[PDB]
């Protein structure tokens, strides 16, 4: 194989320059499925890769796994393999009152609550999305009539304390992170997720384009247990938008 982790060769990519990067390997196929010529390429660790065809052009789809570490690996290997553009798609929880389940969030930049973005650029540097990518994502969201919020995302290296969850084994949050949510909510932060700070930092500081869309599945300020159908729907809308954006970016 041409790289240490993902188990891909250059040839396998057939000239692809754009990759869509969910976190869940399980979602790779679902996104592959919207375009033409879907083919599983490899499954190793958290990296499930398919290739596909979008208007006669190769496009990759590759899971990052959870967290900046597994993400930094998958970007690095995919870049060594000719991918210049990287679109993340997730599902996510809102942290603002006016966001509703099923709205879409396009991320301009991320609060760097991770460790891997530091290995690319010191904390002062902005975890910012590429303008091209963010635009394609906004317009793509319009072309299917999504309700879209455009804003800052908090990117955490933990699911539990760094997002201020308290229904845990310990039930405590270390002092640094205790009451941090109120701050990010006062500062108009939209949601939490766990791989954008890595993603956007590494791409901005190395000349690669990157962007992020997500669909809202819960709102923690008015928190409802998500309905199976609705999650599924929200997922395909986000999936679709990120494909439409891919199409504009090719």
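Residue numbers count along the first chain shown, from 1.
Student: If you average the CA temperature factors over each stretch, which comes out higher, 92-100 or 108-116?
Tutor: Mean C-alpha B-factor is greater for 92-100.
Student: Check the entry's C-alpha temperature factors for 34-42 and 204-212, then say which stretch has the higher mean.
Tutor: 34-42 has the higher mean C-alpha B-factor.
Student: From 152, 123, 133, 141, which pick has the Cα B-factor that tops the rest in the entry?
Tutor: The record points to 141.
Student: Hey, what third does residue 196 fall into on Cα B-factor, ranked over its chain?
Tutor: Lowest third.
Student: Thinking about Cα B factors across the chain, which third does residue 48 belong to?
Tutor: Tercile = middle for this residue's CA B-factor.
Student: In terms of the CA temperature factor given in the entry, to which third of its chain does residue 76 belong: lowest, middle or highest?
Tutor: It falls in the bottom third of the chain.
Student: For residue 137, return the chain-relative third of its C-alpha B-factor as stated in the PDB record: lowest, middle or highest.
Tutor: Middle third - that is where residue 137 ends up once the chain's C-alpha B-factors are sorted.
Student: Just say lowest, middle or highest third for the CA B-factor of residue 70 relative to the other modelled residues in its chain.
Tutor: Middle third - that is where residue 70 ends up once the chain's C-alpha B-factors are sorted.
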